[PDB]
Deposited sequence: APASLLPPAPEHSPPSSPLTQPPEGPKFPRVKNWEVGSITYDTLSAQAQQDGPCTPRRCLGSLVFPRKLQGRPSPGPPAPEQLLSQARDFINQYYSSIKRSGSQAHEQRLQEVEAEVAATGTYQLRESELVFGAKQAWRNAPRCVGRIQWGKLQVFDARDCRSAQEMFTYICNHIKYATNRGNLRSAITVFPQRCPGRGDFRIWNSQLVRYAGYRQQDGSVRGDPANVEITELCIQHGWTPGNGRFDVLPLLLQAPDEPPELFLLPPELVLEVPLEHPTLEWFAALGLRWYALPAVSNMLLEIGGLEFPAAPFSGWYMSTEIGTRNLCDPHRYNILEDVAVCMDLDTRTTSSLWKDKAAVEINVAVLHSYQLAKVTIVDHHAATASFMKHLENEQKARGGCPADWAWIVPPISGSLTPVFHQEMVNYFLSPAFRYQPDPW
């Protein structure tokens, strides 16, 4: 039972939940690999023990462990697996499982919201055009004219033999990244590959640096087909600064909806390789990571030139002043456009309260410090001085190999 200290307040807790951690991470007593983005690498008897565990904690979460339909649902699963080698989740179990996957996500700072999640059951989806319709409904519901609502859409689970449903885009909304003669990129460099793919599966490449990519959607076996997102469905936010008048002249924009669509949802031994989920942005994701990363839009120096900041010397902290103004612009622009966003101080304060809730409710909370501390102003937030334990609980979102 690890002792976990908050070095700002002095408080001590013990993480007992970590003892229930099953699937083993990348660290050993000899070397810590906590900072690696992708840890390590990516007889139906194990399915039945994973399913029992999931059922047991589903009934625990509704008081009803002991007697009654808890007893009864264990046999239904045993019977289902003995007869088919797999099983189906009840709608309510699927809702509970998607929420727990979010709640168990060690890299997510927005987990105070884990109980409010809309779950669209697309498990009877049997087509790519059907997929596209589900995804458009999701986007419509989650975007909600800028009053963003958390949502996940669960497509059919992997069955032994026969193919997987699969969204090839890493998020539902991505900007195109176009190479050229210099090998430099116009648009988002993080999306060079998926842009390449979209073109080589039919797409007419577009203008410049904020072109919404089409969706490559893969029904089982039948190959991926392109789908174009209607522009009125993709809500975007032009970036302006409240006092720097020229900032809008940079022509910067970002989209309103963060919707991860390449991760695998796993519940009770079942696997859902296409289960896109969405929330709302924390402002540093846009301002600091997407716009200021050197391997992304990399605008820091452009904004610094315009601010007349002394770029001749690192000790002027011109990078830091320009970054703060870019986050100010992001926050200002989303608020003006009435699009839900959260600054990193509000987000981290919410995560500390979530850490307190989880301590009482489950005896701990898996958290990945490197991902929970924001990428600017880290020690200014109350999560910097909080020791955290990282471990893997089920249900879970997991990385998976790309569908090529």
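Note: segments 1 to 27, 70 to 78 of the deposited sequence have no C-alpha coordinates in the structure.
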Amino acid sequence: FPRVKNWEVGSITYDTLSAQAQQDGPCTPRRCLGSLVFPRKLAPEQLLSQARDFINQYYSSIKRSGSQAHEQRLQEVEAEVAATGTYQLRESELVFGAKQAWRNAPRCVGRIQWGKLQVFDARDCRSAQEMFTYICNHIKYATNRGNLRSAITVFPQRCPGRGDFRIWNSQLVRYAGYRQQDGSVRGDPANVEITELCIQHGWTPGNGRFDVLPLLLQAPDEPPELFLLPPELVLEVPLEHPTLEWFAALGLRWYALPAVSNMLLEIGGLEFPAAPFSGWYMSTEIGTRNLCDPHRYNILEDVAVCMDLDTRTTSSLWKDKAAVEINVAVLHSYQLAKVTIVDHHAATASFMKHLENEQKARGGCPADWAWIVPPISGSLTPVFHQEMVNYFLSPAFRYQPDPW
From here on, numbers count along this sequence of modelled residues.
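If you superpose the two forms and keep the largest set of C-alpha atoms that fall within 1.5 Å, you have the rigid core.
Take 67 to 75 and 165 to 173, fit the other structures onto the shown form by the rigid core, and average the C-alpha distances in 8 other deposited structures of this protein: the farther stretch is 67 to 75. Take 350 to 358 and 44 to 52, fit the other structures onto the shown form by the rigid core, and average the C-alpha distances in 8 other deposited structures of this protein: the farther stretch is 44 to 52. Higher mean CA B-factor, judged across 170 to 178 and 118 to 126 from the recorded values: 118 to 126. In this crystal structure, the stretch out of 225 to 233 and 93 to 101 whose C-alpha atoms carry the higher mean B factor is 225 to 233. By the numbers in the PDB entry, the CA B factor is greatest at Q22 among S11, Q22, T381, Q386. Remark: of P374, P39, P29, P366, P39 shows the highest value [criterion: C-alpha B-factor in the PDB entry]. Among the modelled residues of the chain, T204 sits in the highest third by CA temperature factor in this PDB entry. The PDB entry assigns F397 a C-alpha temperature factor belonging to the lowest third of its chain's modelled residues.
Among all modelled residues in its chain, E325 ranks in the middle third by Cα B-factor.
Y281: CA B factor lies in the lowest third for its chain, per the PDB record. The entry lists a Cα temperature factor for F272 that places it in the middle third of the chain's modelled residues.
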